[PDB]
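S.K.: An experimental structure, sequence included, is below.
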Amino acid sequence: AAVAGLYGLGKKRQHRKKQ
Amino acid sequence: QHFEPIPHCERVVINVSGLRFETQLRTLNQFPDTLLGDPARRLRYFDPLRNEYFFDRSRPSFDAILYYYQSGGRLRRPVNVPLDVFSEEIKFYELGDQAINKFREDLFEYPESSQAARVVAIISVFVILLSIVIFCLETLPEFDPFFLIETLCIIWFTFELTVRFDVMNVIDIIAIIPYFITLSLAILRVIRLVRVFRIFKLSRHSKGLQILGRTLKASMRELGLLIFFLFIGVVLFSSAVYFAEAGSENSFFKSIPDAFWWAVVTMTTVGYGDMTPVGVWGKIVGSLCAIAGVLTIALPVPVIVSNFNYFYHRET
Amino acid sequence: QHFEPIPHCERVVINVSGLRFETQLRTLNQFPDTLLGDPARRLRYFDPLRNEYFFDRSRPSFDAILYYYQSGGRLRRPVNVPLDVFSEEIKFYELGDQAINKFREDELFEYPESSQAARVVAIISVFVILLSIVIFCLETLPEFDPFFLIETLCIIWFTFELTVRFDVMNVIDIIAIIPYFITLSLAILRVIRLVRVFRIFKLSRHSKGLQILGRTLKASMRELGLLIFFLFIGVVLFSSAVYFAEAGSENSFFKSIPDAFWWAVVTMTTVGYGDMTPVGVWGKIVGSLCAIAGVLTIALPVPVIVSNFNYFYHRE
Amino acid sequence: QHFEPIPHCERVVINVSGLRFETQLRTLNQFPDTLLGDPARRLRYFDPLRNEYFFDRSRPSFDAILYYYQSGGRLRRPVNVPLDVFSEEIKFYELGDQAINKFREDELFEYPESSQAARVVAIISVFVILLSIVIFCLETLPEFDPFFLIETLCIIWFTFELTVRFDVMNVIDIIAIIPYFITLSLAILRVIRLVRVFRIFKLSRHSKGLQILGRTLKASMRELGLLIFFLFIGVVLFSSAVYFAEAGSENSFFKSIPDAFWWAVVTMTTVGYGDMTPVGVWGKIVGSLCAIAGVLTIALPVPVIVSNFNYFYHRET
Amino acid sequence: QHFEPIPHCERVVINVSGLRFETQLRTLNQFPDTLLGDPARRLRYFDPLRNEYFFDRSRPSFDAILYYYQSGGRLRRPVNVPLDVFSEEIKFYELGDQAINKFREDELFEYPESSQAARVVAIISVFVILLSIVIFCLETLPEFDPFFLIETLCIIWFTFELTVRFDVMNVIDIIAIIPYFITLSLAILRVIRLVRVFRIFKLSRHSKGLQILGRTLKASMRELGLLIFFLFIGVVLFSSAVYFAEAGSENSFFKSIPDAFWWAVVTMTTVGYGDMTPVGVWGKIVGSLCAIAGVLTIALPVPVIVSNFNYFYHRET
Ligand SMILES: [K+]
Ligand SMILES: [K+]
């Protein structure tokens, strides 16, 4: 496939995932 | 839009277990009822020695509770606490059933299985599977014995439907309409095809199938966008590949519609098979078609994926 | 770069509903105008009894407001509050039209507007575009005046709309009608009859999602170029490898490295070549490596484009 | 469910390095033992001059500590600090082994060792496993005693290792040696020769990634079943549609609905069927729909499986 | 591991613009130098009237600064502020060059440059590399001295650039010119005419994305090995299954398990084998299982490499 998985359910600069 | 209070009667102090809050009394007066809105439900928490409001509860969650008074109708949960604790904090002050519902939005044994209907359900699942098997087997070249099982399955289906009496009922009706129809060959082929809809009766018994249905209902727009992108790509690349090969003798593609299928099996990376009789320009067009197909499939699908993931975790 | 104040005249206290802030007046006087910059707009909130500034508002959002004075020009939204509260909070103090505008970037004539019962014009235009596409595809069929009349009616409608209207939309509008007027070596004829397909892009003015796709392409041109570069590198490398794996065998499947290019593509994008038997063991190993590397090089750059498309779609 | 105390005995103040906390003594007395639960372990931190509890440690993580007393048994780490700081934060107050253990779930025998003399045994074992796999795949060749000796040496080594050792690893080891002893209807012979391939799974004992894959499969059995169910639904539906599209045309490509199943599969997974010419326009439309729906149905459940694999992989490292 | 101070000399108060911090002087005594470590660099901030330390700076970021003293060696940026502001905060107090450096890791000779006269040299090198690749591809054509002159001009330019310049870049530059001088058993000839393709890797010096890809591969070599291992296991298993499905059938499509190996691959990667008719029902079932397992075993390892590439690409810009 090409999606290879999720996009992270949100990708913003200084996102809460990276916080 | 919500209304915020403006300064200039007397200001009161709130002590949430050491976190001191000071607000105008008019701000607390804005919302009637509620623990802090009226003096009747808050006089117990008064401290005569300190003239302070003492609320020995979670400190970080009082900011949102006060902000509801501050914003005069806007209640948003800050990202510092789980949702479980916030639901408990809001219930303490009794903000109001209508206010809590905003964040909420943020015989007959067949539906409710209770011991004995836990079997009826398994019999229904077995009968649905048996009907599917009979359908597939009777389509075989090697093949009354199938008709008897089919009519037994239909009798069970209609018995369940008539005892029961959205979309489940519609599917149940559709699963038995073609059998009663049999009691231009294009119509016959169409009804024999729509006989396959009995496979969707597993939605009543499969939790994942209902999740998929809800995901489709939620992301109809994204599905339409994906179909539109695919259609545009197919038209463009089929036209390009047809015009890249029209000038050669014994052209592989007779017309642009004849190339449509090819375009599809190149955008979805299914593959067409034989590809030799197409020249260099056709090969370049095919490479571009493959790349654009990967992009146009990877673009909108993750939104539907996200919707399905959310619905799956909400169910469990 | 921004400048911050340094200590050594008098300090003042700011009470944001119980959250006391103490800052040097030199910091407060750094920015002229504004609610806190000048004494005229902040004397109203002064408390003569306690010599304190009272601002009965959202406590957690004042940290960014003070930090803007602290950093002397840097205003960043902390990740603790929704966007709605921050936008309203900054408007309360009137930080400045330029300051708020800078933060915004951190995150007849009836045709263009589909209002005043002009949606009928839009649906007629969409129907004409679809009819033109269908007529083009059907006239490419081998089975075929009747098509020319419909095509020229569509061209008259398109040119009437373009002339009454008078960016990329206008360029597409012009290109959609150039080839018809051109026809009033055969390679140029083939090119113009191919570029006639650009009428499919006329749906951009009416389809919101296709504009999102165009904006995503504009934003991720760099990633698209990187993906094309990676695909070219992989195709060249694996085509050379597979061709040299068959050099020593008679009746070679691939006559030359360029001949293998197409094959590499359908292995890099996992589309499929079809017949694969006359390839030896070394060619099969090279093909497996090509498939894996193509999967890798396709999966590497597509998430960026997917994220851009998702961001644009959910911002729209 | 947890119980929270309600107000009306004496109130005390807690000073976490300047961050003042005020809490009723009844809330503090709810939990016995612990640094703050009993006067024995908290009188040392008393300040006679100010009548205050002084705790010169991390300010932001004390909110969860007090909330544990506030909720009377509910302890969750707020998302403002790393896990390392919060893990050591609890150990200071000694809330209890059971409380800490509950939070943990919120986020000869010379062979099973890593000694210098044990790595050689491991490398010999993995070499023997690889040699057995190679011998299998070579003895299946058309061109072919020499293989039997190598196979019996590998079997002897496997039995010796199993006997020295004496879940699922032992089951795999048993299966890897059963067929050789079995040889000492042709369908049974074919089945045993097929199950001989399970020797490849013995690499799980020596491969860290393979155990991660096994744990991921065990965790996501439900998602795997959902994916299989969706595939089955799609295959049945699209095979039936494509068969009935060619019902009215002579020389039908698909003789029956089951015959089309394979086709449906290699269209849902985008593998590809190959020749497609004798199929009419309706069959092509059904095939396009099948390809799109297969892409969607294979894309839907795999995020959960890959997230589980990511979680297990990062937990291992 | 870090050491935390314990209570029982004098306590001091820190007023970070209204946020009062109270800590033991021993905690401030733990780290020498620094603005707060020694009286010399902090006396200016003392307030004689209030006996307090006043720092008119950011309030939310002082918690990490105090925790460095609190934890005695641990500095973690709390997730409430961007890295830009926190980088300036640590510089204000001058925690120490070693402390700041440790946190950094937590998150003529004109040819190797970019000036007005170096740009033309770079564009010339890129053009020469592209020309060499084109000459290679066209000299492999069946329709064909004229190519040798262009080849030797490219080689002279390559060796001139290498000599002027004088890791991995120099290795690639060397390998790009070894085969030309080698020419001055046909297996070695085939190997050298194959390794001539390495000239295409010289574009790394001029392409920023290619270096990002190389860094991603270096970082995720472990994940690449895991993916290769999973593919090998799946190929062996499914080749064995599909071969033994046709073992008892006459006119078997697959002669041996290695013969089926290729098939397995083009089913795990969903490339497609092509003709599939002569395979029976059991072979088709095995093929469907192989397709599903290949989808799974490809979707599992790739996202880690995807994350590494995204991180490197966004760190570059
Ligand atoms: K594919
Ligand atoms: K394929």
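M.R.: Happy to help now that I have it. Numbers count the residues shown, from 1 in each chain, chains lettered A, B, ... in the order given. Ligands and ions are numbered 1, 2, ... in the order given.

S.K.: quick one: secondary structure of the closest residue to chain E within chain A?
M.R.: As assessed by Cβ to the nearest Cβ, chain E sits closest to residue A:19 within chain A, at 3.4 Å. C-betas here are computed from N, CA, C, even on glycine. Secondary structure, DSSP: H, G, I helix; E, B strand; the rest coil: residue A:19 is coil.

S.K.: can you pull the contacts of residue A:9?
M.R.: B:306, B:309 (Cβ atoms under 8 Å, 6 or more residues apart in numbering or on different chains).

S.K.: Please disregard the earlier target; I meant residue A:2.
M.R.: By Cβ under 8 Å, 6+ apart, the contact list for residue A:2 reads B:294, B:297-298, C:298-299, C:302.

S.K.: In space, what's closest to the most centrally placed residue in chain A - neighbours in sequence excluded?
M.R.: Closest residue to the average C-alpha location of chain A: residue A:8 at 2.7 Å, with Cα atoms, centre = their mean. Excluding the flanking residues, the one nearest residue A:8 by Cβ to Cβ, 6 or more residues apart in numbering or on different chains is residue A:17, at 6.0 Å.

S.K.: Quick check on the closest residue to residue A:14 other than its chain neighbours: phi, psi?
M.R.: With sequence-adjacent residues excluded and distances taken as Cβ to Cβ, 6+ apart, residue A:14 is closest to residue E:82, at 5.7 Å. Main-chain dihedrals, residue E:82, degrees, to the nearest 10: phi -70, psi 160.

S.K.: quick revisit: number of nearby residues for the residue nearest to residue A:8?
M.R.: For residue A:17, the neighbour count with other Cβ atoms under 10 Å in any protein chain shown is 11.

S.K.: so it touches residue A:7, yeah?
M.R.: No - if you go by Cβ atoms under 8 Å, residue A:17 and residue A:7 don't touch, sitting 10.9 Å apart.

S.K.: who in chain A is up against ligand 2?
M.R.: Counting by Cβ under 5 Å from the ion, no residue of chain A lies close to ligand 2.

S.K.: burial of the residue of chain A closest to chain E, as a residue count?
M.R.: Number of residues near residue A:19 (other Cβ under 10 Å) recorded here: 15.

S.K.: ditto for residue A:1
M.R.: Neighbour tally, residue A:1, other Cβ under 10 Å: 24.

S.K.: which residues does it contact?
M.R.: For residue A:1, the contact set (Cβ under 8 Å, 6+ apart) comprises D:295, D:298-299, D:302, E:270, E:295, E:298-299.

S.K.: The same query, at a cut-off of 10 Å, please.
M.R.: B:269, B:294, B:297-298, B:301, C:270, C:295, C:298-299, D:269-270, D:295, D:298-299, D:302, E:270, E:295, E:298-299, E:302 (Cβ atoms under 10 Å, 6 or more residues apart in numbering or on different chains).

S.K.: Mind telling me which residue of chain A is nearest ligand 2?
M.R.: Nearest residue of chain A to ligand 2: residue A:1, at 11.5 Å (Cβ to the ion).

S.K.: Distance check, that residue against ligand 1.
M.R.: 8 Å (Cβ to the ion, to the nearest Å).

S.K.: check contacts around residue A:6.
M.R.: Contacts for residue A:6 (Cβ under 10 Å, 6+ apart) come out as B:302, B:305-306, B:309, C:303, C:306, D:302-304, D:306-307, E:303.
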